[PDB]
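In: here's my sequence, what's the structure:
(chains A and B)
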2 protein chains.
Amino acid sequence: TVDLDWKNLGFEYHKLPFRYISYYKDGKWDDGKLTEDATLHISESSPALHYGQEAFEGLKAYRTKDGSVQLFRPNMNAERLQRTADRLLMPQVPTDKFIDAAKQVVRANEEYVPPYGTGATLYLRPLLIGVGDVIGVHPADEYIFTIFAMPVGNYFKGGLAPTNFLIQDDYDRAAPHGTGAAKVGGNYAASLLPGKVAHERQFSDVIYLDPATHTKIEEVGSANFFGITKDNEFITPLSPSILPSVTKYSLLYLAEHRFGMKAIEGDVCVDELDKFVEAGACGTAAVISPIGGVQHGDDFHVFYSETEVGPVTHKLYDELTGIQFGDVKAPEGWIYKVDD
Amino acid sequence: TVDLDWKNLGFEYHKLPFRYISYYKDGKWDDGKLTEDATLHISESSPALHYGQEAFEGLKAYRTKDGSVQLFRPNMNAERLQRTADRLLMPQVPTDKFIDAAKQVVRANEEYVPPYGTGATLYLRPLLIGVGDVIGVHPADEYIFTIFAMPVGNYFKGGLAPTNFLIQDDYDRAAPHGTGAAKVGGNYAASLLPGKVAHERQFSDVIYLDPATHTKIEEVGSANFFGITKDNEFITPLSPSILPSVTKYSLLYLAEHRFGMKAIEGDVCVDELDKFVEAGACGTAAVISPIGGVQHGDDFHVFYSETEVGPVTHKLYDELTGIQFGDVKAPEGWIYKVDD
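Out: Numbering: from 1, shown residues only, chains lettered A, B, ... in the order given. Shown next is the structure:
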């Protein structure tokens, strides 16, 4: 481990010594290599730049109590990137290629994986882009797959803390039959302006509703929503317009198999918020972001507290992060040791 | 003029000797320069690549009968790019900067502006992208504005010809409150898969309906729809989810001021297609693409003919292209001579 202000990293870009890069040409991926060049050199006519033919992932490497480093369910990120690629007519990066590449980046930059137990991690950003020359709208025939990395902070140093979110019905991050279930730049571009709107009213982010009818919750910025009912059920939105987070599936799994809770993907109506005794957002970067209150029109709805975080949220957070950092026994197949 | 197969260019990328490029840093655009480098060198963490923070324009330079070259309403492209930038939180490229840059590119590559009268033109592709380093979703603070060029063919060598289009209701190119009215890559990425679907059924492209209700026509691929009624009215869809083409406004204008037609932006219901004696798509690349028939569910609706093109479409096409190539007197303020 080098000497960085580990606890006070936030979540931002750092230029680390090595990234992985692989080129797709003539219907094939090359084997990939590590490069020291953090600048991409791509045609002015690259479809990633003109026609949004781009996708990314996000996953973390965690240092454990004995010093060894591990990935958490990177097979799930690979499969999500494959579905995202299909939607945008990009060639898939196979799961074994993806996971191997991720490991190569962690190993090559292992001294940047923060010490146990800062709660800090090495964040990996895989990126898949259409390059080469295309002027009429059409998929590329050349692609780049790259994974670069940066250390990121806990974000909950001081413990879990609630923040407030805004439902703002005159913005959609995705269409009903658009690219919402694909991790692509286009969805994020649409979120820039509503994000700014939320921020200027002192909310963390916007909670988006279903684009067809605007009556059901879709997601919290780029993260998934979950609610806990009085009968200790875990409920998260299910829509074909929603990005399915690895964190959400993991929480679904742990809620059931560790806590004996009914854990389902169902619709969550904005008119039934009192159904939930606790609520939060979940995702790789976020882990769990407890929701204090949600603003919708005139109304400000507080699930549990504006200052404290609920017991069930606490329990799920402790168990998920424990597994990720290796302090709690993992479900079968979830942990991928970086030196294996 | 150099020696290229002018009539048989299609619409595709060519690497010409010079492009314009200008960088935005510290809240300011530089003055711009011409460069011979057709490769962009941008951070692996550029928001254009991760968060779809990108926009483009398209406009043509036309050689006239005396050999001089001119642009057609590039002020309109500049203003559209400004609105597109606002939507994606990118700094605006001022109209005078935009038009001057376009002229510099035409002049620097003037020998690639096809001869009169091939019907071929020099296509300009301005591109505005967020670059520099950003990992959490957020606008860039560094931007590139570049304009590169390529000669493109008539596409209607053989005269205007109708093609068929498909309405396919399980895809949206944009959300009701998304980025549809902004010329950004995200909209085009969403169109890749439905485009492929259309093409494999031997249709030119998809006609998209309004994403909320799917009862009104939005646009024809990336081009605008227009219909002509039996009472010689020109009607084109108006939605806040539609990209407003310069060609559409120009056709609206000419229909009224040259042909004495009522010319309006109104809704066009998919259940009232018999309202139209002729229909087409309009845009910079397309000019006018006459629509033969439209497939919707079981039904194939032919407005005028599957093989011939209607008289009113012909008249509008002749007048618009005449103005663009300088053979017909222009409305005030439309033509921008490249050496002025």
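
In: so what's the residue of the stretch 151-300 of chain A found nearest chain B closest to, chain neighbours aside?
Out: The nearest approach of the stretch 151-300 of chain A to chain B comes at residue A:186, 2.5 Å away (C-beta to the nearest C-beta). Placement of C-beta: from N, CA and C, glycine included. Distances taken as C-beta to C-beta, 6 or more residues apart in numbering or on different chains place residue B:186 nearest to residue A:186, at 2.5 Å, with adjacent residues excluded.

In: so which helix or strand takes in that neighbour?
Out: Using DSSP states H and E, residue B:186 falls within helix B:185-200.

In: helices and strands around that helix, which ones?
Out: If you count contacts as 3 or more C-beta pairs under 8 Å, 6 or more residues apart in numbering or on different chains; DSSP states H and E, helix B:185-200 packs onto helix A:47-50, helix A:185-200, strand B:54-56, strand B:163-167, strand B:206-209.

In: in TSV, list those along with distance to residue B:147 and mean neighbour count.
Out: Formatted as TSV, the helices and strands packed on helix B:185-200 follow (distance: least, C-beta to C-beta, whole Å; neighbours: other C-beta atoms under 10 Å in any protein chain shown):
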stretch	distance to residue B:147	mean neighbour count
helix A:47-50	13	31
helix A:185-200	21	23
strand B:54-56	10	28
strand B:163-167	30	20
strand B:206-209	28	26
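
In: out of the ones you listed, which comes closest to residue A:308?
Out: Residue A:308 sits nearest to helix A:185-200 of all the helices and strands packed on helix B:185-200, at 22.6 Å, using C-beta to C-beta.

In: what's the angle between the strand or helix carrying residue A:224 and strand A:163-167?
Out: If you go by DSSP H and E, residue A:224 is part of strand A:223-229. Counting by axes from the mean of the first three to the mean of the last three C-alpha atoms, to 10 degrees, strand A:223-229 points 100 degrees away from the direction of strand A:163-167.

In: wait, does strand A:223-229 contact chain B?
Out: No: judged by C-beta under 8 Å from any C-beta of the partner chain, strand A:223-229 and chain B are separated, with a smallest distance of 10.8 Å.

In: picking that back up, between the helices and strands packed on helix B:185-200, which one is nearest to residue A:142?
Out: Closest of the helices and strands packed on helix B:185-200 to residue A:142 is helix A:47-50, at 9.2 Å (criterion: C-beta to C-beta).

In: assign the closest residue to residue A:87 other than its chain neighbours to helix, strand or coil.
Out: Excluding the flanking residues, the one nearest residue A:87 by C-beta to C-beta, 6+ apart is residue A:182, at 4.3 Å. Recorded secondary structure, residue A:182: coil (DSSP: H, G, I helix; E, B strand; the rest coil).

In: picking that back up, can you say which of the helices and strands packed on helix B:185-200 is nearest to residue A:36?
Out: Comparison of the helices and strands packed on helix B:185-200 against residue A:36 by C-beta to C-beta identifies helix A:47-50 as nearest, at 22.1 Å.

In: returning to that earlier point: mind listing what the residue nearest to residue A:186 touches?
Out: Shown in contact with residue B:186 (C-beta atoms under 8 Å, 6 or more residues apart in numbering or on different chains): A:52, A:179, A:184-187, A:189-190, B:52, B:178-179.

In: try 6 Å this time
Out: Residues near residue B:186 by C-beta atoms under 6 Å, 6 or more residues apart in numbering or on different chains: A:52, A:186, A:189, B:52, B:179.

In: can you tell me how far it sits from residue B:263?
Out: Noted for residue B:186: a distance of 31 Å to residue B:263, by C-beta to C-beta, to the nearest Å.

In: so how many other residues sit close to residue A:1?
Out: The number of residues packed near residue A:1 is 15, by other C-beta atoms under 10 Å in any protein chain shown.

In: name the element the closest residue to it other than its chain neighbours belongs to?
Out: Of all residues not flanking residue A:1 in the chain, residue A:115 sits nearest, at 5.1 Å (C-beta to C-beta, 6+ apart). Per DSSP H and E, residue A:115 falls between elements, in no helix or strand.
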